[PDB]
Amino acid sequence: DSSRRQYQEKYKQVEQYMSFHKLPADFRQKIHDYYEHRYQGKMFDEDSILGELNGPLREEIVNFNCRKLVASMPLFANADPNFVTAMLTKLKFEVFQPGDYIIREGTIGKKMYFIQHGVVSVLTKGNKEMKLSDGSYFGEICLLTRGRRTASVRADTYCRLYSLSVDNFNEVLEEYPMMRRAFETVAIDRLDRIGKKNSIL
């Protein structure tokens, strides 16, 4: 009701904004498609909503909502549930469209991404062309080294992702420094298979 009415009303304002700025018809369609995928006809102020509840219910809700994400990703599946919960409560849902460059090589990285659904392509000068899909994550290397991105990552399909900011990543690893090692091992494995070696891990 108010959730479906909010979607319509908010989308209307998007239409008037695009009209005001005279965006072309293809660009408008693209934005429309993204809106459909990202919100699916409803809008919630999830912040305000979760902010009315308490810690325990928020945590119970986030665990319920991400059951498949958690169970399909060994890093989350085998870890301390308190660590899992601390990660989940800071994740932000994002949708990307095919061809979008989620991450650009060389740039400075402020987030990593957990793939709920979709396929992306890790691209590099080298020619290394590796896919990643449901149950994996990426963008973690630059958060561990605080270097620049080691590759570009491009959306092949529509991608439903959950992002985690560099600040929250670090706040979580402060409390659970055990799990930093689990990220570094895979990060090393991955760099290894694109002729890279970082002494920082």
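Note that residue numbering begins at 1 and tracks the sequence as displayed.
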Q. Quick one: across the other PDB entries of this protein we compared, is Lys125 left without coordinates in at least a third of them?
A. yes
Q: Can you let me know which of the two, 28 to 36 or 45 to 53, has the higher average C-alpha B-factor in the entry?
A: 45 to 53
Q.
Mean CA temperature factor from the deposited coordinates, higher in 149 to 157 or in 57 to 65?
A. 149 to 157
(Q) I'd like to know which of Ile102, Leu91, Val84, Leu123 has the highest C-alpha temperature factor in the PDB entry. (A) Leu123
Q | For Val172, the third of its chain into which the C-alpha B factor falls | A | middle
Q: Would you check the entry's CA temperature factor for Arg180 and let me know if it's in the chain's lowest, middle or highest third?
A: middle
Q | Third of the chain's Cα B-factor distribution that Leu191 belongs to, per the entry | A | highest
Q. Compared with the other modelled residues in the chain, in which third is the CA B-factor of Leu144?
A. highest
Q. C-alpha B factor of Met112, ranked within the chain: lowest, middle or highest third?
A. lowest
